[PDB]
Amino acid sequence: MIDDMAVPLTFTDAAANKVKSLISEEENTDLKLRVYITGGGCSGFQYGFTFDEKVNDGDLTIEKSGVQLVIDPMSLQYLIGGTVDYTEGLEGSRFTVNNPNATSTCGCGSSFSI
């Protein structure tokens, strides 16, 4: 096997699509996504995505559906083994991620709404 790809937060397929799609449109060649910290609360569940083909020393890299993902250590601890998925369209390019620090633990206490 390898020893570079697949490290922390694993994203979906579309998140890759948003990259390989607009990057290929840039005429770059085959950009590699590069996540950063852009969540909401103190935990984090979003993380801003950019198209960085270079590398970014001290940046873990996870291969993508059609490209390569590389996030910064700062996010590394925020996204750790979480899950991300992208859903762009009319409503707008919405981003959603899930991790232990984000979801956290409640203790199972009914489920409805606010």
Can you tell me how many residues within the range 55-102 are closer than 29 Å to residue 29 by Cα, touching a residue at least 24 places away in the same chain (Cβ under 8 Å) and among the polar types (S, T, N, Q)? 8
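Which members of the range 24-34 meet the condition of being crowded, with 16+ Cβ neighbours inside 10 Å and either in contact with an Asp or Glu (Cβ under 7 Å, 6 or more places away or on another chain) or at positive phi (or both)?
31, 32, 34
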So if I check each of 38, 50, 105, which one is surrounded by fewer than 19 Cβ atoms within 10 Å (Cβ to Cβ), in contact with a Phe, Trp or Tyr (Cβ under 6 Å, 6 or more places away or on another chain), farther than 17 Å from residue 5 by Cβ and free of Cβ contacts under 8 Å to residues at least 60 places away in the same chain? 38
Considering only residues of the range 25-35 that are in contact (Cβ under 8 Å) with a residue 12 or more places away in the chain and assigned to a loop (DSSP other than H, G, I, E, B), which is nearest to residue 81 (Cα to Cα)? 31
Out of the residues in the range 55-92 that are among the β-branched types (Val, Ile, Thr) and crowded, with 17+ Cβ neighbours inside 10 Å, which is nearest to the chain's Cα centre (by Cα)? 84
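With ideal geometry, Cβ positions are generated from the backbone for all residues, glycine too; neighbour counts draw on all protein chains shown. Laboratory data are not the source of any read-out in this text; all were calculated from the coordinates shown.
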